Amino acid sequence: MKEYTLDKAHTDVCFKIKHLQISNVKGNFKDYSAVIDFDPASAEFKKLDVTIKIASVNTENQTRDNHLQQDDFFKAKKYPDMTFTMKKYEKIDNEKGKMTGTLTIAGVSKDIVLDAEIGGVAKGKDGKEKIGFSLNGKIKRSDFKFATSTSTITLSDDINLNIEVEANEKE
């Protein structure tokens, strides 16, 4: 036979191993409109109606946003917008209340509860009113038969909605 010594410069002792990694996909929507009816004297919402243009989704990656519009997700061709309609506001105190409404995603509609947190009812710089507030809640993909082809393994059944709102009085 014959004996050899490695040449460490052009020798590689390598391995490959596959692991899973959980992560949050976080996005907003650039285009939406809403109607806000709110009584500062009693700190109660009276009407809250929101429409969100699915096309305007932004999850900081253009190739995924496009993918979102396709049949296995949003179907933005057939269903161009998602809507929220307040049916009930149940007051907890002046900072806090429980908002019930109807959400529609791709033409399927379910009633949801959002947690209203009033973050400051001011009379702004110009003598005209402002308000801050947040709406927070969790919805289940399965309740809206959303992304039904994608397993609840790969992508979570749970979607967390955070809506942060500044808003000025009308006219």
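Residue numbers here begin at 1 and follow the sequence given.
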property: 53-61 versus 110-118 - which carries the larger mean C-alpha B factor in the record; result: 53-61
property: Stretch with the higher entry mean CA B-factor, where the candidates are 120-128 and 22-30; result: 120-128
property: Selection from 104, 136, 142, 66 [criterion: highest C-alpha temperature factor in the record]; result: 66
property: Where the record places residue 81 (Cα B-factor, split into thirds across the chain); result: middle
